[PDB]
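Undergrad: First, the structure itself, so that you have it in front of you.
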Number of protein chains: 2
Amino acid sequence: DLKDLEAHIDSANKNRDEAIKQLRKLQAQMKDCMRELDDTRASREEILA
Amino acid sequence: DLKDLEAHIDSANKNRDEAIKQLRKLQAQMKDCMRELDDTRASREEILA
């Protein structure tokens, strides 16, 4: 049980890394989309107008 | 130590929940920006023409 919980801790930490890894990639992707959406909405709305 | 491992699993799972909670709010914003960019892509590509 100790080794099972120890291995489970690695799986729990590994599972947390998966969600954290996606958050890191999603954050970089969201920031790029948010930054682009800011310049695009500020430029496209002006260039299209 | 077995009971102590449960705290690490709870703490590790708690940290993953925090990242998942923040990722959920950020993942939704990323998809929202893509929708505006997609709508602006066709418009900027056609309105500019």
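Lettering and numbering for the structure tokens are positional, with chains as A, B, ... in the shown order, residues counted from 1 in each chain, and ligands counted from 1 in the shown order.
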What does chain A look like after a least-squares fit onto chain B on every Cα paired in order, written as a short mmCIF file (atom, residue, chain, number, x, y, z; two decimals) with C-alpha atoms, in the first residue's frame?
TA:
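What ended up in selection35.cif:
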```
data_model
loop_
_atom_site.label_atom_id
_atom_site.label_comp_id
_atom_site.auth_asym_id
_atom_site.auth_seq_id
_atom_site.Cartn_x
_atom_site.Cartn_y
_atom_site.Cartn_z
CA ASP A 1 3.43 8.69 6.21
CA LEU A 2 -0.18 7.67 5.57
CA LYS A 3 -1.40 11.13 6.57
CA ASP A 4 1.52 12.66 4.66
CA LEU A 5 0.56 10.76 1.51
CA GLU A 6 -3.10 11.53 2.23
CA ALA A 7 -2.29 15.24 2.45
CA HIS A 8 -0.04 14.84 -0.60
CA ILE A 9 -3.00 13.33 -2.46
CA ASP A 10 -4.97 16.51 -1.72
CA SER A 11 -2.02 18.60 -2.92
CA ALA A 12 -1.67 16.42 -6.02
CA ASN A 13 -5.41 16.67 -6.68
CA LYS A 14 -5.31 20.38 -5.87
CA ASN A 15 -2.34 20.86 -8.20
CA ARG A 16 -4.23 18.96 -10.90
CA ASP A 17 -7.17 21.32 -10.37
CA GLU A 18 -4.87 24.29 -11.00
CA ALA A 19 -3.79 22.85 -14.35
CA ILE A 20 -7.39 21.80 -15.05
CA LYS A 21 -8.68 25.22 -13.98
CA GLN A 22 -6.24 26.92 -16.37
CA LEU A 23 -7.24 24.49 -19.12
CA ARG A 24 -10.91 25.37 -18.57
CA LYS A 25 -10.15 29.10 -18.69
CA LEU A 26 -7.65 28.65 -21.53
CA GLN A 27 -10.18 26.55 -23.45
CA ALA A 28 -12.85 29.24 -23.13
CA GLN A 29 -10.30 31.91 -24.01
CA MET A 30 -8.87 29.84 -26.87
CA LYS A 31 -12.35 29.11 -28.24
CA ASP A 32 -13.21 32.82 -28.09
CA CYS A 33 -9.93 33.72 -29.81
CA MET A 34 -10.32 30.86 -32.29
CA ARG A 35 -13.93 31.80 -33.03
CA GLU A 36 -13.03 35.49 -33.34
CA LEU A 37 -10.00 34.63 -35.46
CA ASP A 38 -12.31 32.65 -37.75
CA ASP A 39 -14.88 35.42 -38.20
CA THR A 40 -12.24 38.17 -38.21
CA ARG A 41 -10.02 36.44 -40.76
CA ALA A 42 -13.17 35.72 -42.78
CA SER A 43 -14.63 39.22 -42.29
CA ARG A 44 -11.61 41.49 -41.80
CA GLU A 45 -9.87 39.99 -44.83
CA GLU A 46 -13.10 40.64 -46.76
CA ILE A 47 -13.93 44.06 -45.29
CA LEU A 48 -10.31 45.21 -45.59
CA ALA A 49 -10.22 43.97 -49.18
#
```
